[PDB]
Amino acid sequence: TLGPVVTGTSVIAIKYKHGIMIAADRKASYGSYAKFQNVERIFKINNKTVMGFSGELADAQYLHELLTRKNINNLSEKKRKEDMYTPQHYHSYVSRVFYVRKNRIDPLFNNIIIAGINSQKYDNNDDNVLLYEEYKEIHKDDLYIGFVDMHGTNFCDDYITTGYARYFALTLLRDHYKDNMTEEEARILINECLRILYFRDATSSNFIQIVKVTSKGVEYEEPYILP
Amino acid sequence: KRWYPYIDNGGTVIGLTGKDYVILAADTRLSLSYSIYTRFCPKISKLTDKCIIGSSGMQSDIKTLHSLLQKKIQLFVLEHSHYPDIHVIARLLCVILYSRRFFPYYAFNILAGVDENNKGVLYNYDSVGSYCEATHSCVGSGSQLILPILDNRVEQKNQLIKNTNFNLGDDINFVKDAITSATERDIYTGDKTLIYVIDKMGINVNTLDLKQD
Amino acid sequence: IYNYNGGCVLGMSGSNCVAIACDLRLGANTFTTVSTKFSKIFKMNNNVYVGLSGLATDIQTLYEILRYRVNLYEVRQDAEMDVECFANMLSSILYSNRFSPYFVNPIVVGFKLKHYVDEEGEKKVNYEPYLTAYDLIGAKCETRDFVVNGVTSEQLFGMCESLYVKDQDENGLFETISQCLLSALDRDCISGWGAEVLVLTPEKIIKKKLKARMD
Amino acid sequence: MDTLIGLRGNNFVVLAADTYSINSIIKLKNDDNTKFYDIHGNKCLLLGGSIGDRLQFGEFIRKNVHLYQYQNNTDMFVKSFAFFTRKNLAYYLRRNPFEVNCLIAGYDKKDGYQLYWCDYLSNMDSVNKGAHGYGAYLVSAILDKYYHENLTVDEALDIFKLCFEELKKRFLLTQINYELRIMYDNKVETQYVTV
Amino acid sequence: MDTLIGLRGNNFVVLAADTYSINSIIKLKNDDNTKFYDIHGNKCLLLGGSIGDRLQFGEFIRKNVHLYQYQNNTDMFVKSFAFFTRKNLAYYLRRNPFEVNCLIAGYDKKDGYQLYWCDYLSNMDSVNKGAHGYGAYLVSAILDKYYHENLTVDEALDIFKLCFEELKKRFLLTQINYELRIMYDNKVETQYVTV
Amino acid sequence: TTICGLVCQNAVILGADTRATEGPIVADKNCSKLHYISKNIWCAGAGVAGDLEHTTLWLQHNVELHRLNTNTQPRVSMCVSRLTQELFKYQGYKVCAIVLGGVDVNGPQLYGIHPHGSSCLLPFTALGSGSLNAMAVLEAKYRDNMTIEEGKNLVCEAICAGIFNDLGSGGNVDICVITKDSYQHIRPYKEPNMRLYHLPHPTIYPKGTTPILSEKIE
Amino acid sequence: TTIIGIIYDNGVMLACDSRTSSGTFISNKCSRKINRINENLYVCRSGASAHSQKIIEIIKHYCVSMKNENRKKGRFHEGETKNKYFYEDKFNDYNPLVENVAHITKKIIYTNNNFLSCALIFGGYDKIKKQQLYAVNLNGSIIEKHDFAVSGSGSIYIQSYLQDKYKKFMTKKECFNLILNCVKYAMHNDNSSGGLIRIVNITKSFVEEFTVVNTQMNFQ
Amino acid sequence: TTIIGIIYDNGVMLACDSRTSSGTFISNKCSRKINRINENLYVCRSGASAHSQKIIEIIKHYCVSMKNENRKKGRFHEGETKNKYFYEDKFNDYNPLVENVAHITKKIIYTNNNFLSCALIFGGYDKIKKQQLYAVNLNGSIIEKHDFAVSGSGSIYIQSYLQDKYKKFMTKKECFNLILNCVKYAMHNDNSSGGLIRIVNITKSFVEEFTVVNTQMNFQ
Amino acid sequence: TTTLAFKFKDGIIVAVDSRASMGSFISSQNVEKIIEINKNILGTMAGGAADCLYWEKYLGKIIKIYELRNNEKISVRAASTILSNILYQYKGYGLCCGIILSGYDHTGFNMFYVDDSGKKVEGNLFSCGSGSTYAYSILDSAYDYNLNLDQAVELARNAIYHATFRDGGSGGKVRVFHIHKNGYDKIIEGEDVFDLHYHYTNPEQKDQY
Ligand SMILES: *[B]([O])([O])[C]([C][C]([C])[C])[N]C(=O)[C]([C]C1=[C][C]=[C][C]=[C]1)[N]C(=O)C1=[C]N=[C][C]=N1
Ligand SMILES: *[B]([O])([O])[C]([C][C]([C])[C])[N]C(=O)[C]([C]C1=[C][C]=[C][C]=[C]1)[N]C(=O)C1=[C]N=[C][C]=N1
Ligand SMILES: *[B]([O])([O])[C]([C][C]([C])[C])[N]C(=O)[C]([C]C1=[C][C]=[C][C]=[C]1)[N]C(=O)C1=[C]N=[C][C]=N1
Ligand SMILES: *[B]([O])([O])[C]([C][C]([C])[C])[N]C(=O)[C]([C]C1=[C][C]=[C][C]=[C]1)[N]C(=O)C1=[C]N=[C][C]=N1
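Residues numbered from 1 in each chain as written, not as in the entry; some residues may be left out. Chains lettered and ligands numbered in written order. Part of a larger assembly, values for the part shown. Heavy atoms only, no water.

A. View of the interface of chain F and chain C. Tallying the contact residues gives 31 residues for chain F and 31 residues for chain C. Counting each side, the surface lost to burial between chain F and chain C is near 2,800 Å², with a carbon and sulfur contribution of 57%. The interface formed by chain F and chain C holds one salt bridge in total. Across the pair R98 of chain C and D51 of chain F runs a salt bridge, and its minimum N-O distance is 2.6 Å. Seen at the junction of chain F and chain C, the total is 10 residue pairs in polar contact. Put simply, the parts of the chain that give the side of chain F that touches chain C at least two residues each are β4 (26-28), α1 (49-69) and β13 (212-217) of chain F. Taken together, the residues that form the side of chain F that touches chain C break down as 14 nonpolar, eight polar and nine charged. With six bridges joining them, strand β8 (residues 204-209) of chain C and β13 of chain F adopt antiparallel strand pairing. Considered in β13 of chain F, the bridge of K209 of chain C is made with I212 of chain F. (Contact = heavy atoms within 4.5 Å. Buried area = accessible area lost by both parts, 1.4 Å probe. Salt bridge = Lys/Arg side-chain N within 4 Å of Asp/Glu carboxyl O. Polar contact = N/O pair within 3.5 Å; in protein donor to acceptor, adjacent residues only side chain to side chain. Helix = DSSP H or I, 4+ residues; strand = E, 2+ residues; numbered from the N terminus. Nonpolar A, V, L, I, M, F, W, Y, C, P; charged D, E, K, R; others polar. Pairing = 2+ DSSP bridges.)

B. A look at the packing of helix α1 (residues 56-77) of chain C against helix α2 (residues 83-96) of chain C. Residues and elements named next belong to chain C. It is at 11 Å that the axes of α1 and α2 come closest, and there the two elements cross at 130 degrees. Judged by the inter-axis angle, α1 sits oblique to α2. Crossing of α1 over α2 shows right-handed handedness. Every residue of α2 that contacts α1 at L62, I65, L66, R69 and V70 is listed here: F86, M89, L90, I93 and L94. (Axes fitted to C-alpha atoms, helices over the stretch in contact; angles between N-to-C directions. Parallel < 35°, antiparallel > 145°, perpendicular 65-115°, else oblique. Left-handed = near helix turned anticlockwise from the far one by under 90°.)

C. Quick look at the pattern of salt bridges. Inspection of the entire model under this criterion finds 63 salt bridges over all chains. Between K167 of chain G and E174 of chain G there is a salt bridge, with the nearest N and O atoms lying 3.3 Å from each other. On the basis of relative accessibility, which here comes to 39%, the residue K167 of chain G falls in the partly exposed class. Put simply, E183, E184, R187, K212 and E221 of chain A are held in one network by salt bridges that share partners. (Buried < 20%, exposed > 50% of the residue type's maximum accessible area, 1.4 Å probe, protein only.)

D. Examining the interface of chain B and chain F more closely. Of the residues lining the interface, 28 residues belong to chain B; the matching set on chain F comes to 32 residues. When chain B packs against chain F, close to 2,600 Å² is buried across both sides, 58% of that on carbon and sulfur atoms. Remark: the boundary between chain B and chain F carries zero salt bridges. At the boundary of chain B with chain F, the tally comes to six residue pairs in polar contact. With six residues, the single largest contributor to the side of chain B that touches chain F is helix α4 (residues 168-185) of chain B.

E. A look at the sheet that holds strand β2 (residues 13-18) of chain D. Residues and elements named next belong to chain D. Read from one edge of the open sheet, five strands run β5-β1-β2-β6-β7, paired in antiparallel fashion. The strands lining the two open edges of the sheet, one partner per strand, are β5 (129-132) and β7 (187-194). Taking each pair of neighbouring strands and ignoring which way they run, the sheet shows an average axis angle of 15 degrees. Relative to β5, helix α3 (residues 136-146) is tilted by about 165 degrees, and along the sheet it contacts β1 (4-8) and β5.

F. Region of interest: the side chain of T132 of chain C. With respect to the helices and strands, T132 of chain C occurs in the loop between β5 (107-109) and β6 (147-150). With residues up to four places along the chain from it excluded, the contact list for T132 of chain C reads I107, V108, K140, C141, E142 and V147 of chain C.

G. Looking closely at the site of ligand 4. Lining the immediate environment of ligand 4, one finds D126 of chain B, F31 of chain C together with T1, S21, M22, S27, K33, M45, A46, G47, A49 and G169 of chain I. Nearby residues place ligand 4 at the junction of chains B, C and I. Taking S27 of chain I, its side chain carries an N or O atom lying 3.5 Å from a nitrogen atom of ligand 4. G47 of chain I places a polar main-chain atom, nitrogen or oxygen, 2.9 Å from a nitrogen atom of ligand 4. (Near = heavy atom within 4 Å.)

H. Just the UniProt feature "active site" (unreviewed entry) in chain F, in detail. Residues and elements named next belong to chain F. UniProt records the feature "active site" (unreviewed entry) at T1, using the numbering of this structure. Checked against the element boundaries, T1 lands in the segment before β1 (2-7). In this structure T1 touches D17, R19, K33, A46, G47, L127, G128, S129, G130, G168 and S169, once residues within four positions along its chain are discounted. (UniProt positions renumbered as here; feature names shortened; annotations may be inferred.)

I. How the structure looks around the arrangement of the chains. If you rank the 16 pairs of chains in contact by how many contacts each has, first place goes to chains C and F. Between chain B and chain D there is no contact, and the shortest C-alpha to C-alpha separation is 26 Å. A minimum C-alpha distance of 37 Å separates chain G and chain I, which share no contact.

J. Summary view of helix α2 (residues 101-111) of chain H. Within α2 of chain H the residues assigned to the buried category are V101, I104, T105, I108, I109 and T111 of chain H. The elements touched by buried residues of α2 of chain H are α1 (57-76) of chain A together with α1 (49-67), β7 (121-125) and β8 (131-134) of chain H.

K. Examining the packing of aromatic side chains more closely. Applying the stated criterion across every chain, the model contains 70 aromatic pairs over all chains. Relative to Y37 of chain B, the ring of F147 of chain A lies with its centre 5.8 Å away and its plane at 50 degrees, an arrangement referred to as tilted. Of the two residues, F147 of chain A is situated in the loop between β8 (143-145) and β9 (159-162) and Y37 of chain B in strand β4 (residues 36-38); the pairing between them involves two chains. Comparing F147 of chain A with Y37 of chain B shows no difference in burial state: the two are buried. An angle of 70 degrees between the planes, with centres 6.2 Å apart, marks the rings of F99 of chain C and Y93 of chain F as edge-to-face. You can see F99 of chain C sitting in the loop between α2 and β5 and its partner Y93 of chain F sitting in the loop between α2 (76-89) and β7 (99-103), one on each of two chains. Given the relative accessible area of 51%, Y93 of chain F is considered exposed. (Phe/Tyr/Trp six-rings, centres within 6.5 Å; stacked < 30°, edge-to-face > 60°.)

L. Broad picture of empty space enclosed by the protein. In this structure, the largest cavity encloses a volume near 70 Å³. Among the residues forming the lining of the largest cavity, the class breakdown is one nonpolar, five polar and four charged. (1 Å grid on protein atoms, 1.4 Å probe; cavity = no way out; pocket = protein on both sides within 12 Å on 5 of 7 lines; lining within 4 Å. Points joined across faces, edges and corners; volume = space filled by probe spheres on them.)

M. Representation of the site of ligand 1 within the structure. Taken together, the neighbourhood of ligand 1 is formed by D135 of chain C together with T1, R19, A20, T21, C31, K33, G47, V48, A49 and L52 of chain F. Among the chains of the assembly, those with residues near ligand 1 are chains C and F. A distance of 3.2 Å is found between a nitrogen atom of ligand 1 and a backbone nitrogen or oxygen belonging to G47 of chain F. In the model, an oxygen atom of ligand 1 is placed 3.3 Å from a nitrogen or oxygen of the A49 of chain F main chain. For ligand 1, the protein covers 76% of the area, taking 570 Å² as the surface of the free molecule. (Areas by Shrake-Rupley, 256 points an atom, 1.4 Å probe, with all protein chains shown as cover.)

Structure follows, in structure tokens:
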């Protein structure tokens, strides 16, 4: 928490019609040395939310533990499916964690993104957290894409890219993103963002992990971009 | 290296008042040093039915000061069953800011509302508990560009005192002029602005679109 | 540019008349006044007016080197000197000192004297505003309308940006430069112990010292 | 550190200074110094700051001026002298600072009694009532209130007596001895005032 | 910055100080200050340095002493008082510096007229001729030459008059007003000397 | 300040925004960052304006002087060599992230230069604060060997990204096509502009107060 | 900036990557690193780009100022890997004109014995010593490597891999593969990974400049 | 300090060197690096020696404070390379007592999420996940390596050499040679070259601690 | 920022300007420096904005309680001492404030300068702030203690003008209060474009100096 040594890189989290599509490369670099090239930086902290990550890796695995145990604290005191913690709650809670530390001078260098489905209109009232058809349309207003800078700066949009894509993939998104995209439309748009990052961003690589938060759950897959 | 914990996200909060109303206008850009986080982050919050607060500091402190202030007002409502006058909210914010004097919020505030029949009153602060009731004020990156303008169209140090009469219909057009004149010339002043008008019946959130450059 | 020796300079353009205005304070220390007569606009030529602002030591030093160069050039040409070439002089004198710079922020205003083209006559000169600005390094930016430079720049960009309107006569241009200046010097504490507006026309020069606020 | 006061009417110029020589750690080395530098050409010059710089900027100017008035049978006007003193002081502002505060004075056949004012940075300009040093924070306001226009020379001394008791009563280091110069009727005379 | 002079014979103790209040940027705020802190138990105390620390170290000592003389029907001896004042000043030397210079004084039934001496660092010790502040560089030597043993109280004033004209004539900031305390025959009287 | 340029099938297209900022505010909203050098090469700098403006002016003439002594069209490979040599003597002081291009005996060549002196040869590049934004949209849609009317459109689309998504860049984009024979400086090229103008706001004739008014007729 | 030089049986290879990182932001892929001083000797520059620019400019000035100077007067010697972009050119042989590599390298120490942090590598053919391969350092410390030489930020990740796989007298084919795999590895696990890599093969009578565009996939 | 961990087919190796450099002066050759937390899991510590000392002391305190805690009550499972100094010892198998490696590693992050720069590597056998091999970092960033892990000053000189020679499922013999050659190379070209190297072979039913004393000679 | 006080023949004239600046820019110009502590004791803001506005409000709290529990009106000397003590607790914390706690108590007309470092001091003619040096200048040469209310406020207004005219950080509306044997009445809540009144009475030039 004195300085970042094992740092992640940019993540991108847009929302398409079936749910969120948050993507991130899988490299953590020990400065200028690609020490780890299979690290995962998109964790599931609920059956309906994920949590992005950028900056130093030592603090995700910190902030992962904080949420993942708050989640079970919810999961113990849940009687109805509407008692779950909406992704808004976490992003308003993570914002507190970053802000309260800014009162001190230990910020836990990060650019956490909180993304998930902020609604309960789709039955998942049986939580198999320990061990785990068609998508449903989502009103694009029930999807919450948070963001928290290491100064506490927080907000939500339709698409939040953090780390270093904020200069590269943000320009593509700001002029090619339209509401209610589709499955293959989002992936090719993101693949046209990361392919831009992989070319111009030194601290980023291939071997993308793409996570989609749909009406049925959180799904994973590991593409490998073709230049 | 030392992790300086203050940043200026920019934005400006124009304030203006009269015998019947107060006009509060703030942009919505929320920007880091040179990049832009978002095109719409409301810098203006309402506290009572007739009292709104606008801030132009660092967005973490802006939020955590408005959320904290509402906590101390809904608390006031529960214990006293009647909403606090603006004067009450005025001093209450002075203490909250000054309570953290030695690590101050980086949040310049303008507090606007009505207390008497209308008697439109408007306080402005500087990040440490120092409020002076004023006729017109603005805080933020564009503060240094707008206060000159408003001092030549509210207080008349002109030879012949014209426009001595001010009507809500025209003062909005003054504010829309100020918030737009600063928009070209200032860097951080936003792209979409929200104008709040507090008249005797309620608050109006009519909007205006500015330059995006 | 310092809070030491505060000062400000403004210039706007009209139909075919331009006006230059500046305060009159020589601030010894930042929060102290020791003169209310330190005019910061000089007649570099009969229609090339320069408005300096900043360190009052280098205002006069740069004024003298300009008057030394202009008078030298006017004599060697037998004829008067136009602004456009003079403006590029000032962008080289400042830049020659790029490493040990004069802390001045000059403004050059005055009529351009477009072609002696003489259509349907023996004399056809049409004056054009030609305002400009600079910086201590010497980077200019020609501007068809208002130019402001000084400590109060950010208090005057806002005032000029709204109150300015495209084309005006002198009797109205002076009002929108006097009211555009007076009401920005009432908001900066290191400048504004008396203003001076000097509107010039291709025929006459009108120099006024307004009734500013001695605060 | 040393107080310089300059006043000027339409028919007189009066300069004033404190005659202390602070110029050591704490010991008031000399209670009657020499700060003025009388030029022959009916001018004067008054300096402040460290005496190492007074003695070699004051004396350097006296030469180049006197050299000028001898090389050219004329006598330099005050305005030329005022803007020459500044120029040299500005010349050395980036080589050898010469931390001095001037108050040029003098009489002209054309422009009459001119007072001037130069800071340690070369900030020359004509004035009607100068002041320098930490004492300038206390005599300046006194000078404004009691300087009505077209003064007579005897009034200006009464203003100066009013300025001197002010420094003694309220200044940090209470100067008691002052030395004036009374330039009028083409008669540069001097007098010393205590308290 | 402020001059404190303390002298002591075998049948008198005399303290002296300048009554200025430098205590602002340059403005001589008050020409008649209060530095002494008369204790009832026929003692005294004289302080220097910033008045923010004089006012709360002087007043703090007056209480704990007066509290002592009331809690215990006795009156504290000078030596106990002298080594109590030092102790508290040494107590805070590493928490809140209290940049003050003392000159404890007083009379005892046993040890007679004792003068003391504490620096801003707590350096207590009995002496016969104290001094403090930048003026101590100029009155100390005067005190040695003219302090012959077994002085009479009227002589000590003549030494003090000799010390005061010294500061005015040669000190940096010429103190003119001084206030004395003349402790003898169990009569703590005071007088003010100008120049 | 965002400046991007790229090559085409037989011509090179420059481009720049138009504003100069004191850092918290803007100085003017129309400041041509393109800069003529010779009939067939142009440069479009960035960085501080004083060091930028005089570097080109010094170079604009030191090419003509060399073009007159010889009788050949100046070579872009030359003007880059004189820039880097002067820049490196001032290793980090004549800060000016210049990009220049043109045509010569060889094809359309576009050199990207940096303040220290490192000069590269690129098919497309972008400098200045918005270079991060400009390079993104520039690189995604760039295709080798395109045509002018889509080359111009892209570079206009490229800067238009740096105009919006950046704070240090704004105003009217503009372009300088540098085809083999001529140049096509198109100084205004787009319209990001203002919104509201309620009234002219003129003041009545007797304002101010003017204790003195000395009027002189020459 | 990874950068390599290998000496096979009858010629010297000089690879490099192509990337100019400036604070985690790729200023430009596809940048020249294997420069061309004379027909036979090539410079592989590294370190700060600005500094390496002037040095190559100065050397190209010197190597021409003496290429012509050491010309004799009269007539002489009248007795006789996907997407690999390849092209070769020949010398003007017998090498009487083209000056030795050892001068060019030792000319660097004199030139860059300054505060000018560049770390070049020189590889060429010569008449007297067949194929030499020097390694100037930051302060100008040339040592004539006889086996191989690496430098730049990304070299140290393949130091051991090179010393293990490097045989003594290798053929052009197996020297190419080794220098191809070396730069690729120094790119896979380093944040100064170029795009295309520019293998250059200086040999007795010709110089062929390959360019390779490829990545790594591992079965682990 | 070079330091390695390789996962062969049925067990995990954990090499290291033995040298404590303190400013170019060898404070001591032959120092322990492969510590012993419990019978099955060993810690390979690196970085500052003082910091790594307390951490191992704390962990040995925790790993005992819960080794006994997770004991069930009743009776259970009643149904059934020159100068290489070698010795092996056996477990107390069925592993009900000995706690999982994943705790010990994740217990580190909580412990050394401080200003305490140590870079451990954990290797052990376990009941649930057979042989795991973690890599704590300076700020406590554990990532479960599945193939190999290196750290310390001298590791980066064999990064590529390891990724090339590492097959997927290796036998004990050929995993030993690879981990022997790896540490030797990280020693040949690094100024934190230990003396003897301490290869350790945690496997299903035993733990054998080799020590090797050798150098490198190359034919080039 | 300026301030005065007199303790003249029959009361006290506390007079201030009304400017409040942030470096160069003028944040506000209708700020009320004078603060009513008691019906008789009235303070004066200066130096830092909050670090003096808050404490004289805080000192307002302390006196209201004490004046209630003992039901005797506090004295200036007691009021000043309370202020300087709590102001002492923040030596190194950067508090900046200079307060002139003028007022009237049972023991006549008192007056007390207070600074951020507990600089409590009794006097007659204090003045604090950037322009205080010029304010002392005018008073010392004119103050007489036998002035009547008419020409005393004229003198107080005269000083505040000369301070604001000469100083950069002082200007705007001038206030001039007065203190009877009980209470206080705001004699002037005034104006500041009156250079053209005192000197340079007839506007015909610029008043060069
Ligand atoms: B642009 O913002 O870089 C702009 C381009 C200029 C050539 C017209 N220049 C500036 O903004 C600079 C500051 C700067 C920004 C980014 C990099 C380097 C420098 N300021 C000026 O150019 C300037 C111009 N006129 C007056 C004052 N400053
Ligand atoms: B390589 O990465 O070192 C590369 C080789 C060069 C010859 C093109 N250069 C650079 O990376 C340098 C950065 C650097 C890396 C390592 C040490 C020192 C410097 N590139 C730059 O400095 C640069 C180039 N252009 C613009 C800005 N900065
Ligand atoms: B290894 O070299 O890192 C070694 C491993 C350690 C567990 C015995 N330790 C050290 O080298 C350190 C020096 C060091 C190297 C690299 C980074 C940080 C520190 N040894 C010491 O610090 C030391 C040990 N004993 C006495 C003095 N210093
Ligand atoms: B006065 O000018 O000192 C003024 C006192 C007024 C607030 C009661 N205060 C200030 O000017 C200070 C800075 C300062 C300048 C010169 C001398 C001493 C102090 N700044 C503020 O008071 C202030 C006001 N509003 C916002 C921020 N800061």
